[PDB]
Structure formats: C-alpha cells, structure tokens
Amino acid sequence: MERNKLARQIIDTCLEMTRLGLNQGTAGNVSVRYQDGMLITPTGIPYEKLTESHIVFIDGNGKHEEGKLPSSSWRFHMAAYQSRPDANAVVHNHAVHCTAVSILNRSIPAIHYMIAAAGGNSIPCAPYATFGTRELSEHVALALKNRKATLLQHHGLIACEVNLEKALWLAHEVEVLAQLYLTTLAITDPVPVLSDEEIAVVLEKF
C-alpha cells in the first residue's frame, strides 16, 4: 500500500463500476482512507483518461493538494470516514435502481437475505439537501451509523467497506436489491419480507 498502488486501484474501481452499469456519464467517485485523510478522484478529468498522478489527497482538515480539484462529493466521503472508523473505502454513484428507490424516499426492507450484508434489516434513505453542503454531510453521517450503505434521496447511493473490492461489491449488491424491490413493488405492496428473527440468524451467521 503505497500511494500509487492505491491510486491505480481507485481507477480500476472506476472502470470496473462502469463495466457493471453502476456508473453512467461519470456520475460517481471513489475514495480510500490514507494517512490522516483520504485519496479521492478529482473533478472534471473524464474516467477513461485518468492516471495515478491525478488522484488527489485531501488531508483530515479539508486541505487538498494544490494544483488539483477534488471531486465535488468529497465532503460526504470524509463524513463517511469519521462516522465509521472501520470504513477504508467509499464508493459513490447514481446507479439507476438505487436512485429511483431514493426518489420514492424509501428504505429497501428485508426482501432477501443479502440485506444483512449492509449490517442490518434494511438499506436506509438520507433526506435530500443541496449537494456539497454541511447538512448533506450530516444526513449521510446519521445514516451510516449502523449501516454500511445508504440511499441519498433524489440523488444516488453511497457504500462503504474495509477495501475497494468489498465496497465495489456492496454497491453492486445494493443495486440488485433495489431492482428486486422496484420490480416486485410494481406487482404488489407491501412486498413480502423476511422477519427480524430470520434476519437475526443471518447476521449472526455472517
């Protein structure tokens, strides 16, 4: 874990996320905890043109590396790291299913046993607030207190985990759940859910 190997790795997450359909028109960003702060994708420079040299390091105070412009979503990446000390990588994105669920302002309940993968019996939704402002940072932080992903209302998805591969994987699983929810939800309401006890066994068992 040098800076340049995490930089390559961050960029690999971008092309992997694009591949899967989790990122459209360069909407999302990706970051890893580093030193006293983090390493994040910069704004502007289109994904397919990126290198290790462009990755920006924002320190713990919000002091970025002169000469580079961090993504605009960096404020709620830092919120994610102080909210969950165990998080080492954040993934942000506007995957279509997540975003439509977040536009209904809904948590996904326990419609499948993989719900437990984000730490509990649901994936919450954080209330809307103008991008890059203090209050959005605070909404994200309340949401990730006991959950490892969250929807952002009228906006998108933020997932966090112990490394990029597991963060990238969780973004992806939350996107399958969103879709299963919306599809079933067009047929019936409420959709059937597993109980809190059965979920209790799944969490223990994980």
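Numbers for residues come from their place in the sequence shown, where the first is 1.
Note on 175-183 vs 66-74: mean CA B-factor is higher in 66-74.
Legend: mean Cα B-factor per stretch from the PDB entry, 81-89 versus 124-132; the higher mean is in 124-132. Of the candidates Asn146, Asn163, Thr150, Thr26, the PDB record gives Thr26 the highest C-alpha temperature factor. Sort the chain's modelled residues by C-alpha temperature factor and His154 lands in the lowest third, per the entry. In this PDB entry, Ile45 carries a Cα temperature factor that places it within the highest third of its chain's modelled residues. Compared with the other modelled residues of the chain, the Cα B-factor recorded for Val193 ranks in the lowest third.
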